[PDB]
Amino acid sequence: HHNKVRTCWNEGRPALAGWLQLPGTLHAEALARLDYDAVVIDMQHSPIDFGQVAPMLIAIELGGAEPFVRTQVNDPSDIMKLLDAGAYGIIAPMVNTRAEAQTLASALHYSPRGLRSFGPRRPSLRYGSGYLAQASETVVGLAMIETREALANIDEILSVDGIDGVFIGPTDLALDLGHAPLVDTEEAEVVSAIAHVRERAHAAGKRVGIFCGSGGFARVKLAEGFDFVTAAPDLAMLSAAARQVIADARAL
């Protein structure tokens, strides 16, 4: 009866989340049962459509992590349908302006704070009759910062009330700056921008997150004060693990 990520924050610690680009419920449950506070399902850069995401949300909740979705787009009705299917965290890509951030916020709250349409099929099952009064608190929302334009507008994005803060997409950000879209990059301009976004988010009293490609980079980000750190995509972890098993198997 609490959003596990909001509970981390309220208790003075950051949240660590998984990141899924592969459809299906078995690995979603298995990863959720690990020491992840949340598991994010990626609906942008994956083959995961709505019909596949819906059972995954159930599986993550059963496993004991908060189900989050990184949506394909910042679209209010898409977001609302995920909320009603038991997505309790929403990370919306490519939020570049205050207005777009206000569109995200509008989907996450009922009237009068937002315009979320009422029909909370799965949240009502989870939270019971008192859901409406606590509904906003049950959902975490983060706007993604992934372009030079979003960088330019970061303080104004951060001034939007109905979102908890921002989530950096560092490979898109690197690419828009003219650099290779390398995860966990050391490119100075990208590193500088990432720090700046974190500094501005905290100056505004908001939360800041970042997508990580390794456990070591994630540790550093937590030490730097990021409130929400993901590490690492299921497909990338599995590929790397398989490459290593093959190398070990085929070694002389």
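Position 1 is the first residue in the sequence shown; the rest follow in order.
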- Taking the deposited Cα B-factors and averaging over 219 to 227 and over 65 to 73, the higher mean is found in 219 to 227
- Note on the structure: Once average C-alpha B-factors are taken from the entry for 5 to 13 and 19 to 27, the winner is 5 to 13
- Go through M144, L182, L82, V140 one by one and give the residue whose Cα B-factor in the PDB entry is largest. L182
- Just say lowest, middle or highest third for the CA B-factor of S46 relative to the other modelled residues in its chain. lowest
- Chain thirds of CA B-factor: placement of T97: middle
- What third of its chain's C-alpha B-factors does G178 belong to: lowest, middle or highest? highest
- Task: Looking at the entry's B-factor column for C-alpha atoms only, identify whether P120 ranks in the lowest, middle or highest third of its chain.
- Result: lowest
- Message: Where does the C-alpha B-factor of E149 rank in its chain, lowest, middle or highest third?
- Response: highest
